[PDB]
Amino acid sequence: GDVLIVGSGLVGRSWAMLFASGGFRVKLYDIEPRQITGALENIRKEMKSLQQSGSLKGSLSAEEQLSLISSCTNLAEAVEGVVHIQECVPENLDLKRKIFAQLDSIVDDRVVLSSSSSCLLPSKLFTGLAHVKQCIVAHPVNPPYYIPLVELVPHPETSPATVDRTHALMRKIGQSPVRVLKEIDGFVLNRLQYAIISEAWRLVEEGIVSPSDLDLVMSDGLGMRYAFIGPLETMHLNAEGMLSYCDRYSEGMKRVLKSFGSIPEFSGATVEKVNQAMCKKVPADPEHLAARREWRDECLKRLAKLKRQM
């Protein structure tokens, strides 16, 4: 019933706090001692901050949650009595493959071997492993403590049990898992994100709207609805049901989509134009970027609270 975090970096620390809120004993393992010390320190500080703002997940006190998080130096011992291992090392294929191969030689047939990978495919990560049926990608969204989505991406040989157990576990710790039925480049979130970016880029390039105004169309417009309801249910409600929406607007959708330009090169004049507008709003230096991210995260924290209430 214990959980093991391999790599106590940024995402590993978030996972640690999520699992602890669910009452799970969490073990932290890292190749760098300073990352473990830093993780325990930051987790304690973040936990207290959340407590003070009444933003802690679950019903366990910050104190009890912190007591559930410890570190292990020996991997072989670290996997003892663990039912879920969440890998959180850098986004590097060679490295992740090595990690899973090392785990593959010491785990039993019960434990789920889960990767936090942002884009690497399960087929490239787990093929050839003895315990491949227990492998899966459980991709969170930064910042995981505020954004609940977790993309569960299976390997073609991943067992239904592994997917079901992980879906249930993610739900248990307060996250919102989704079943990506078949692996695909960019999974689901990034494919949707890139779809938006592609059209937005061309709109700016063609002089339809300034970069700043395009962002407003989303943040003070379309994005507000998307924080509560997806694009499909949105159609469903903006007419008398999905059938009605297609009957009324499918012609227009096809017409607009047919007018879409080519795939952007993401460089040259347009990157300069977009970057200039972005830097005007938020200077591209460590201080201003961090400050804006902090604001963004606070917004997400409050939105998370609002969503739970609704």
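In this text, residue numbers run from 1 along the sequence as written.
The mean C-alpha temperature factor is higher for 68 to 76 when 227 to 235 and 68 to 76 are set side by side. Comparing the deposited coordinates for 208 to 216 and 104 to 112, the stretch with the larger average C-alpha B-factor is 104 to 112. In the PDB entry, a CA B factor belonging to the lowest third of its chain's modelled residues is recorded for residue 186. Ranked by C-alpha B-factor against the other modelled residues of its chain, residue 6 falls in the lowest third.
Among all modelled residues in its chain, residue 173 ranks in the highest third by Cα B-factor. In the PDB entry, a CA B factor belonging to the middle third of its chain's modelled residues is recorded for residue 132.
When the modelled residues of the chain are ordered by their C-alpha B factor, residue 88 lands in the lowest third.
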